[PDB]
Amino acid sequence: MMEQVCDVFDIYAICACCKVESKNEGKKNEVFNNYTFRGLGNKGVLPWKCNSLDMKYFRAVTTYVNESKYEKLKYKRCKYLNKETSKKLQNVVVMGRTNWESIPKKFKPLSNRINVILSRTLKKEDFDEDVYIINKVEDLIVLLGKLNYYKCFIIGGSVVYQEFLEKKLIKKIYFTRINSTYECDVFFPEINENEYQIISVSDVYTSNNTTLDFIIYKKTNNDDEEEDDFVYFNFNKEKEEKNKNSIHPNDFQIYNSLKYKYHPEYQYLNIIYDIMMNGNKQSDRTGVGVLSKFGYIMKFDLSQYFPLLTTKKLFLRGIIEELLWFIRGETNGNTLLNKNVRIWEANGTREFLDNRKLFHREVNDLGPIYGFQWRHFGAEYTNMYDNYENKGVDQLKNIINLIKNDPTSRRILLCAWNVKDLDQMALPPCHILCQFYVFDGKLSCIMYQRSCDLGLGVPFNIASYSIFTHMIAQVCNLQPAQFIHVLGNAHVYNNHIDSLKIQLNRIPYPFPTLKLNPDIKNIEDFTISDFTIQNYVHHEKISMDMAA
Amino acid sequence: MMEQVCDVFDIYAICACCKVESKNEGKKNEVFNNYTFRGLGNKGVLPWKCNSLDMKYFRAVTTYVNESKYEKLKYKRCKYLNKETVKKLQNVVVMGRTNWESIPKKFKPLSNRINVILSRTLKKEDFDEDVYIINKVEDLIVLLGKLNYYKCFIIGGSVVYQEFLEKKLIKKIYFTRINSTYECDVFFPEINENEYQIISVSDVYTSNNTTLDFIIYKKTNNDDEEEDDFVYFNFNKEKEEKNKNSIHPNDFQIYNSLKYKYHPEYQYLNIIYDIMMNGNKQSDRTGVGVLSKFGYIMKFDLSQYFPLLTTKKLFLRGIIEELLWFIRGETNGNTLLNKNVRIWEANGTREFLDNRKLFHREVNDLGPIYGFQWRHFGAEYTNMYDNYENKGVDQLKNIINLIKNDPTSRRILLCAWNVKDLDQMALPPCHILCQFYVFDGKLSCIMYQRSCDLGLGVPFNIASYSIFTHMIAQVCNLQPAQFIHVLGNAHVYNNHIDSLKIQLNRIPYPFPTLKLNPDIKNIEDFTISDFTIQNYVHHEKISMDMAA
Ligand SMILES: NC(=O)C1=CN([C@@H]2O[C@H](COP(=O)(O)OP(=O)(O)OC[C@H]3O[C@@H](n4cnc5c(N)ncnc54)[C@H](OP(=O)(O)O)[C@@H]3O)[C@@H](O)[C@H]2O)C=CC1
Ligand SMILES: NC(=O)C1=CN([C@@H]2O[C@H](COP(=O)(O)OP(=O)(O)OC[C@H]3O[C@@H](n4cnc5c(N)ncnc54)[C@H](OP(=O)(O)O)[C@@H]3O)[C@@H](O)[C@H]2O)C=CC1
Ligand SMILES: COc1cc(Cc2cnc(N)nc2N)cc(OC)c1OC
Ligand SMILES: COc1cc(Cc2cnc(N)nc2N)cc(OC)c1OC
Ligand SMILES: O=c1ccn([C@H]2C[C@H](O)[C@@H](COP(=O)(O)O)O2)c(=O)[nH]1
Ligand SMILES: O=c1ccn([C@H]2C[C@H](O)[C@@H](COP(=O)(O)O)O2)c(=O)[nH]1
């Protein structure tokens with residue numbers, strides 16, 4: 001409706017923001033929000049000196065025009081200033097003198113753009129380079145009114161942002177989240193949850209030893225016969241989504257208001273959306289009640305990020321201890337309970353072993369599960385205390401030796417589904433197999449999962465099998481490529497829906513990175529201390545069962 | 001500069017065509033083309049009588065209008081026709097008199113459509129109904145230049161379709177391929193490969209005991225600041241696909257010209273494309289050589305069709321014989337060789353077994369492969385001839401019991417990959433496992449394939465596990481729903497590229513159906529003659545190695 005100057009003159013802002021090096025007062029119990037990324041500068045330069053990929057983005061966003069689109073904009077513009085009217089078409093960039101003087105010399109003036117400097121102290125006079133000056137903010141709307149520009153971009157710094165934001169002159173913010181912590185003296189202003197709303201989250205990337213992503217904030221309110229062919233080919237599609245009334249999508253205003261959902265966490269989130277909306281109502285094993293669907297695939301680029309969900313808090317100590325426990329060959333539930341890892345406690349009780357008909361199994365003797373099948377597949381299992389040295393097939397050695405000696409084998413599979421020993425296990429494995437693939441000094445891993453609890457379980461599963469990939473890759477002197485997660489029976493407990501709905505409306509943060517201690521070169525030689533998650537920025541912990 | 005009458009007045013053709021009961025004298029092996037589908041009428045009615053879904057398509061297309069797109073169409077019609085001006089908007093349908101009389105009284109005149117009838121024999125006075133009688137094709141274009149209408153549909157019959165193409169007054173043909181054979185007396189005119197081309201192929205469907213799909217012929221030749229965010233987001237891609245120049249897109253002229261590739265065969269065809277364009281070049285030692293990628297999922301709706309590739313010829317006797325062999329628990333190659341099925345011949349050789357270090361293994365004794373594992377997993381393998389009675393886990397009987405008695409179990413897997421036995425097998429299994437899923441008395445099957453020969457092996461693999469799905473579904477008194485194919489290591493052999501390029505440019509035919517003998521109530525009691533593929537319409541056989 002009507003039109004503010006921001007809409008009319010197509011004036012956007014572009015920035016790139018750090019986390020700040022505060023003296024945290026014995027509180028690794030840290031809360032994170034949109035204001036977490038503000039850091040703009042330090043001693044008159046960027047706090048990270050150079051981020052090569054952001055520098056690529058910033059250029060491509062400021063140096064892009066479509067001539068085609070210009071016609072419409074020249075109308076709506078000229079008709080409003082009430083004055084109705086070869087080089088090339090170009091974008092404007094607006095910068096504070098301080099920012100101008102903090103840009104290196106080689107970049108000045110910014111190629112194929114219309115460089116403008118807001119300054120009161122200096123004037124066209126003082127600048128030995130091809131520019132325009134101005135000494136107030138109203139003076140820019142004027143320079144815009146006259147010139148041949150496709151879009152105008154506010155490229156900082158803080159002072160210039162704060163005032164342009166105050167008088168709501170900016171239509172969108174193209175905002176780079178640099179997901180590391182540096183020293184900062186200057187800061188981006190507290191963006192107003194009311195006035196501006198994220199509408200788009202890019203992919204996550206690694207550049208110069210840090211992950212980063214690109215989001216878009218939007219200002220608040222208040223062939224054609226080939227398109228018909230689409231409608232005809234969609235003629236048999238059911239009228240509305242099956243559990244529409246049942247889940248009520250109008251609740252996910254934010255999830256649905258996003259245009260571009262290119263953050264990899266959306267791979268998980270969209271499966272949760274898909275199941276809630278089109279999932280089959282099933283009720284048994286307990287009468288507990290699930291929405292279920294069959295056969296999904298998620299791919300994470302471990303070279304660019306560690307995919308630890310950011311739409312809730314996750315803890316990995318337990319997940320890692322469990323991984324190290326499989327690797328040692330162990331089936332002894334006590335080892336994990338002494339480290340207060342209680343993943344397997346429920347499946348070791350006398351009651352649970354008795355329902356599972358294992359009347360002759362010691363409590364917490366989980367039987368021939370992951371660890372035993374990894375290092376001794378085929379061996380007759382006895383009890384958790386037996387050393388099975390040299391008995392059965394050590395698949396874990398075998399697949400590590402296949403990667404090193406025969407990277408191009410298509411038989412690098414690690415299988416926990418021993419059909420002979422299923423009934424002897426406390427619980428047959430949810431995680432059926434990993435298969436590996438080596439290209440050009442790079443390791444990908446497929447994990448097939450028969451049964452996927454999506455609100456409690458798969459989030460941990462992603463992390464486990466991502467960590468395991470790294471461990472394998474390092475041990476075989478390879479770079480990790482993709483973790484590919486194949487979901488079989490994929491289900492949401494009805495108990496989880498209220499919490500997953502809260503979750504779906506949270507905008508993921510840039511993912512963290514995993515640092516393995518590089519000295520560890522045998523799969524058996526990892527210690528809990530060898531693992532570090534770095535720069536994990538996350539929303540509040542969610543109880544998935546909202547019970548009390 | 002000419003503007004076409006068919007573009008200006010938006011004149012379209014819609015039809016439904018079956019195969020003709022033509023005298024196929026010594027043609028049991030017969031050649032198939034787009035004219036295989038040409039049957040329109042028999043004795044003044046449709047050769048198939050009712051097809052519910054053809055009817056639902058026809059109604060949707062011939063009624064559907066869009067008001068926004070009228071303002072432009074009126075402007076264009078007025079311009080061409082000299083004019084300028086400016087209740088509920090409709091399409092015109094144009095039938096011949098025989099067609100009109102062929103249509104049941106309960107459908108006439110056609111709802112929410114302007115009905116035009118061509119006739120000399122009959123004048124306006126011989127009708128009671130709300131229709132326009134015209135007596136020549138020129139009187140239509142007169143009437144179209146007077147009326148408000150969205151689009152004009154020629155709905156037959158044969159004489160009407162004929163003259164409208166004689167005069168190139170048809171912009172596109174919406175053609176329903178009814179994949180069944182019927183007595184016909186009236187035929188659609190042979191479409192001229194030069195004047196018209198297929199730009200779109202829909203999903204395949206089952207209705208009234210036939211498969212059918214929808215194809216579109218086209219006449220041949222002679223906030224958008226939110227479309228800007230899309231370009232910003234794709235700022236970091238390559239200038240090419242890895243081996244783009246290596247293969248050349250301009251070779252897939254037909255494949256790339258199609259707009260909507262909604263036929264399920266494209267799931268297979270599109271993976272071939274993705275591997276050819278983005279595949280990694282690898283060597284299986286000694287320089288055998290492949291393009292590989294990792295982790296793809298295809299899904300086929302067995303309730304709607306049987307997915308036997310139609311873009312080359314496939315025989316299924318061998319494949320069914322192999323599967324019966326598996327089910328009996330056999331490991332004996334000779335049983336197949338005596339049935340003239342050579343699938344396992346190469347793998348059963350003295351040279352081949354000796355190369356797998358199986359020096360104590362009789363010729364054509366393939367050892368503990370699928371058959372042995374499905375019925376005896378865990379038993380120590382002796383030889384081909386040992387009846388391994390009540391030994392190992394019979395996981396086939398176990399999964400058939402889970403399905404009929406615990407249908408919501410997430411533990412209904414059938415595993416071939418017995419790690420103990422791998423080195424004793426002629427070949428580790430390519431097909432790792434099947435998982436099943438029951439909902440609302442319908443059965444779906446995932447199978448995970450570690451190594452996938454896209455040109456030669458996969459087409460047969462899709463058939464094998466699609467038939468197995470039907471077999472299990474029947475024996476457990478369920479409907480077949482989905483066969484879901486999870487590709488691990490997906491590779492095209494360099495030998496296969498020339499042939500696949502040919503296959504990629506062939507347009508699929510509607511898939512055939514599969515009928516099982518309904519009497520068989522145990523998985524053990526199936527025989528070759530209990531299996532019949534109805535209506536396999538396919539392109540010429542292709543040899544993938546064009547070698548000599
Ligand atoms: N990562 C990022 O996105 C960005 C990083 N930066 C960081 O920003 C820092 C500098 O920013 P900051 O110190 O806030 O300064 P600014 O770049 O915002 O410039 C401030 C100066 O601009 C002039 N000015 C501001 N408002 C007006 C006005 N309304 N009319 C006229 N002149 C005006 C004045 O200069 P004068 O007194 O001469 O008139 C003022 O002192 C650098 O260290 C750099 O690292 C900079 C841009 C973006
Ligand atoms: N499967 C499908 O998509 C379709 C099926 N059909 C089937 O096709 C059959 C009918 O086909 P067909 O026999 O070719 O009949 P048509 O529907 O083509 O009717 C032909 C008759 O229409 C009139 N007519 C046609 N063109 C003209 C013209 N230019 N000027 C004046 N009158 C004209 C004449 O009727 P008159 O004798 O009164 O002068 C002519 O004999 C039926 O069996 C029907 O079931 C029909 C439509 C489509
Ligand atoms: C092109 O070089 C620079 C650009 C910027 C501004 C800037 C940089 N990145 C992003 N995303 N937005 C911005 N507004 C700031 C700079 O340092 C102060 C630069 O020099 C290193
Ligand atoms: C809606 O009823 C009928 C429609 C048609 C024409 C027709 C039907 N289907 C398609 N795909 N194209 C057509 N032109 C033909 C008919 O029978 C001769 C009908 O009566 C059942
Ligand atoms: O890592 C794990 C372990 C367990 N589960 C869940 C999936 C199912 O909800 C349940 C397995 O029970 P069955 O599928 O065997 O019935 O545990 C997971 O999602 N991830
Ligand atoms: O039903 C079958 C049998 C074999 N293969 C192919 C896949 C590989 O090209 C090859 C097996 O090679 P390895 O995976 O054993 O390395 O056989 C199939 O695609 N389908």
Side-chain angles (χ1 to χ4, degrees), chain A residues 10 53 56-57 60-61 64 66 69 174 200 202 205 214 216 224-226 228-233 235-236 259-260 262 280 282 284-285 292 294-295 297 299 377-378 392-393 395 408 410-411 413 415 417-420 422 428 432-433 435 437 439-440 444 446 448 450-451 482 484 486 488-489, chain B residues 10 53 56-57 60-61 64 66 69 172 174 200 202 205 214 216 224-226 228-233 235-236 259-260 262 280 282-285 294-295 297 299 377-378 392-393 395 408 410-411 413 415 417-420 428 432-433 435 437 439-440 444 446 448 450-451 482 484 486 488-489:
Chain A
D10 292 331
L53 182 66
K56 202 181 178 217
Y57 187 66
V61 173
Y64 177 81
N66 192 17
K69 197 162 321 193
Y174 300 88
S200 273
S202 61
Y205 299 98
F214 305 102
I216 312 191
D224 271 330
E225 25 83 318
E226 308 286 339
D228 275 349
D229 293 358
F230 179 86
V231 187
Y232 308 154
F233 273 19
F235 82 100
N236 202 18
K259 187 102 167 69
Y260 303 115
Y262 289 162
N280 308 335
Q282 301 196 291
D284 220 23
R285 178 113 242 155
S292 82
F294 200 46
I297 175 164
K299 297 210 187 182
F377 187 117
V393 178
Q395 289 180 84
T408 60
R410 310 185 281 225
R411 301 190 180 161
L413 241 86
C415 186
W417 198 256
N418 190 353
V419 165
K420 198 217 316 136
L422 246 26
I432 305 306
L433 62 86
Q435 176 169 21
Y437 172 94
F439 186 60
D440 184 34
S444 297
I446 282 167
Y448 182 83
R450 67 174 174 80
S451 185
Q482 306 191 294
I484 304 164
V486 174
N489 186 298
Chain B
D10 292 85
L53 192 77
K56 185 167 189 275
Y57 186 70
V61 174
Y64 170 92
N66 168 39
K69 281 186 204 153
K172 298 186 173 158
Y174 302 86
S200 277
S202 80
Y205 294 105
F214 308 93
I216 298 169
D224 4 354
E225 296 161 15
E226 219 96 336
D228 262 15
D229 289 1
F230 186 98
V231 176
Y232 296 156
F233 269 2
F235 79 115
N236 190 77
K259 197 132 163 83
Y260 296 121
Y262 280 32
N280 308 319
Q282 294 201 290
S283 254
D284 328 343
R285 285 179 305 174
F294 198 52
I297 194 161
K299 301 201 178 209
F377 184 121
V393 177
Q395 44 169 344
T408 70
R410 307 184 289 213
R411 297 178 175 185
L413 281 82
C415 196
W417 183 270
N418 182 344
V419 178
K420 220 299 162 63
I432 303 303
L433 61 74
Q435 190 173 359
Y437 174 98
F439 170 62
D440 203 14
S444 299
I446 280 166
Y448 181 85
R450 61 175 181 76
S451 208
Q482 278 188 322
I484 296 146
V486 189
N489 186 301

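Atoms considered below: every heavy atom in the structure, side chains included; atoms not considered: hydrogens, waters and symmetry mates. In the text below, chain A, chain B and the rest are named by the order of the sequence lines, each starting its count at 1.
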*Determine the option with the most heavy-atom pairs under 4.5 angstrom with chain A, choosing from B:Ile297, B:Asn66, B:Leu413, B:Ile484.*
B:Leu413
_Straight-line distance of A:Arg285 CZ to B:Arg410 CZ, nearest 0.5 Å_ = 7.5 Å
*Checking A:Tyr262 against chain B: side chain, backbone, both or neither under 4.5 Å from a heavy atom?*
side chain
*Examine whether an atom of B:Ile432 lies under 4.5 Å from a heavy atom of chain A, and if so say whether it belongs to the side chain, the backbone or both; otherwise answer neither.*
side chain
_Under 4.5 Å from any heavy atom of chain A - which part of B:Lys56_ = both
*asked:* Strictly distance-based, threshold 3.5 Å: is any side-chain N or O of A:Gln395 a donor or acceptor partner for the main-chain N or O of A:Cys415?
replied: yes
*Can you say whether A:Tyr174 sits under 4.5 Å from chain B via the side chain, the backbone, both, or neither, judging by heavy atoms?*
side chain
*Among B:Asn280, B:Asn489, B:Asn418, single out the residue with the greatest number of heavy-atom pairs under 4.5 Å to chain A.*
B:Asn280
*Which pair of heavy atoms, one from A:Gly378 and one from A:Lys420, lies closest together, and at what distance?*
O-NZ, 3.2 Å
_Counting only non-hydrogen atoms closer than 4.5 Å, does B:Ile446 touch chain A with its backbone (N, CA, C, O), its side chain (CB onward), both, or neither?_
both
_Polar side-chain atom of A:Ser202 near backbone of B:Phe233 as donor-acceptor pair, under 3.5 Å_ = no
*Taking the side chain as C-beta and beyond, is there a heavy-atom pair between B:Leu433 and A:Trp417 under 4.5 Å?*
no
*Side chain, backbone, both or neither: which part of A:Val61 has a heavy atom under 4.5 Å from chain B?*
both
_Atom OH of residue position A:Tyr64 - does it have more than 12 heavy atoms of other residues, nucleotides or ligands inside 6.0 Å?_
yes
_Residues A:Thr408 and B:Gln282: side-chain donor-acceptor under 3.5 angstrom_ = no
*Which value, rounded to the nearest 0.5 Å, describes the distance between A:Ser200 atom OG and A:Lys259 atom NZ?*
7.5 Å
*So what's closer than 4.5 Å to chain B heavy atoms on A:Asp10: side chain, backbone, both or neither?*
side chain
*Can you tell which part of A:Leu422 gets under 4.5 Å to a heavy atom of chain B, answering side chain, backbone, both or neither?*
neither
*Could you look at A:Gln435 and say if it's the side chain, the backbone, both or neither that has a heavy atom under 4.5 Å from chain B?*
both
*Which atom pair, heavy atoms only, marks the closest approach of A:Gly488 to A:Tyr448?*
CA-OH, 4.0 Å
*asked:* Under 4.5 Å from any heavy atom of chain A, what part of B:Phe439 do you find: side chain, backbone, both or neither?
replied: both
*Quick one: what part of A:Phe294 sits under 4.5 Å from any heavy atom of chain B, side chain, backbone, both or neither?*
both
*Largest heavy-atom contact set with chain A, pairs under 4.5 Å, which of B:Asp440, B:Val393, B:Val486*: B:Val393
*Interchain contact, B:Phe235 with chain A, by part (heavy-atom threshold 4.5 Å)*: both
*Short side-chain to backbone donor-acceptor contact, A:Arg450 and A:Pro428, under 3.5 Å*: yes
_Pair B:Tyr57, A:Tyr232 - check ring pair (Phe, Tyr, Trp, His ring centres under 6.0 Å), show working._
CA-CA 7 Å; B:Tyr57 186 70; A:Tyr232 308 154; 7.0 Å; no
*What option among B:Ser451, B:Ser283, B:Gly392 has the most heavy-atom pairs under 4.5 Å with chain A?*
B:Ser451
*Part of A:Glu226 lying under 4.5 Å from any heavy atom of chain B*: both
*Sort B:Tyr205 into side chain, backbone, both or neither according to what part of it lies under 4.5 angstrom from a heavy atom of chain A.*
side chain
*Could you have a look at B:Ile216, B:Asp224, B:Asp229 and say which one has the most heavy-atom pairs with chain A under 4.5 angstrom?*
B:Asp229
*asked:* So which residue, A:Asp284, A:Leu53, A:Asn236, A:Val231, ends up with the most heavy-atom pairs under 4.5 Å with chain B?
replied: A:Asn236
